[PDB]
Amino acid sequence: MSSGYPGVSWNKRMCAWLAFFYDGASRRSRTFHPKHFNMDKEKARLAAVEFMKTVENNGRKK
Amino acid sequence: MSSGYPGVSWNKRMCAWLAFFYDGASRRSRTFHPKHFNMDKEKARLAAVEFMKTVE
DNA sequence: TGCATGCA
DNA sequence: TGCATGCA
DNA sequence: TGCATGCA
DNA sequence: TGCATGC
């Protein structure tokens, strides 16, 4: 499994684990995003843009 | 682009920003994962499992 | 979005 | 079921 | 794995 | 030009 636990699976589009459970007869899910995903994704974006700016030239690179 | 910026794009399978650039003739790329992705994904996994046991 | 439902 | 999908 | 080709 | 895909 992706999780190694019954009912818990990684949703690739969402980048989150959903826990699927029965509520009486009704199948339901609860979403668990990696902690601080938004913060850390945004910080990764800034870091990537910063690097991109370093390499916005026509000379040979490091 | 998926970032706000030219040359930087989100790779979905990788769950990471890629910066595409030119080293003269060659096209290159550098990868940028969210800083503590592996650890925080694991924390989220353990929380999903905890919910599973509790809600069951 | 997070979620409930669809797919196989 | 694990996980992708449609929803406005 | 991270990277750079493939495709438009 | 962005970004999925194959190694």
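Protein chains get the first letters and strands the later ones, always in sequence-line order, with residue 1 at the start of each.
Closest non-hydrogen pair, B:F32 versus B:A19, comes out as CE1-CB, 4.2 Å. Nearest heavy atom pair, residue A:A16 against residue A:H33, reads CB-ND1, 3.6 Å.
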Exercise for the section: Classify every nucleotide of nucleotides 2-8 of chain D by which part a protein heavy atom approaches to under 4.0 Å, writing B for the base, S for the sugar-phosphate alone and - for neither, in 5'-to-3' order. Expected result: BBBBBB-
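Salt-bridge formation is not detected for the pair A:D40/B:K35: no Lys NZ or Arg NE/NH1/NH2 atom is positioned less than 4.0 Å from an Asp or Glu carboxylate oxygen. A salt bridge does not link A:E50 with A:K53: none of the charged nitrogens is closer than 4.0 Å to a carboxylate oxygen.
Base stacking between C:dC7 and C:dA8 is present, with six-membered ring centres under 5.5 Å apart and ring planes under 30° to each other.
The furanose ring of E:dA8 falls on the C3'-endo (north) side of the pseudorotation cycle, as its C1'-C2'-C3'-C4' torsion is above zero.
Among the heavy atoms of the strands, none lies under 4.0 Å from A:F21.
When the P atom is compared between D:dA4 and F:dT5, the two are found 13 Å apart, to the nearest whole Å. When the P atom is compared between F:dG6 and D:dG2, the two are found 27 Å apart, to the nearest whole Å.
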Exercise for the section: Apply side-chain contact (heavy atoms from CB on, under 4.5 Å) to the pair A:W10 and A:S3, showing each step before the final yes or no. Expected result: CA-CA 7 Å; A:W10 187 250; A:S3 69; over 6 Å; no
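The side-chain heavy atoms of B:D23 and A:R60, taken from C-beta on, include a pair separated by under 4.5 Å.
For the pair A:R27 and A:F21, the cation does not sit on the ring face, since its NZ or CZ is not both under 6.0 Å from the ring centre and inside 45° of the axis.
Helical stems in DNA chain F, defined as runs of 3 or more consecutive Watson-Crick or G-U wobble pairs with donor-acceptor distances under 3.5 Å: E:2-7 with F:2-7.
The glycosidic torsion of D:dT1 lies more than 90° away from 0, which places this base in the anti conformation.
One distance of note links NZ of B:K41 with OG of A:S2; it measures 7.5 Å at 0.5 Å rounding.
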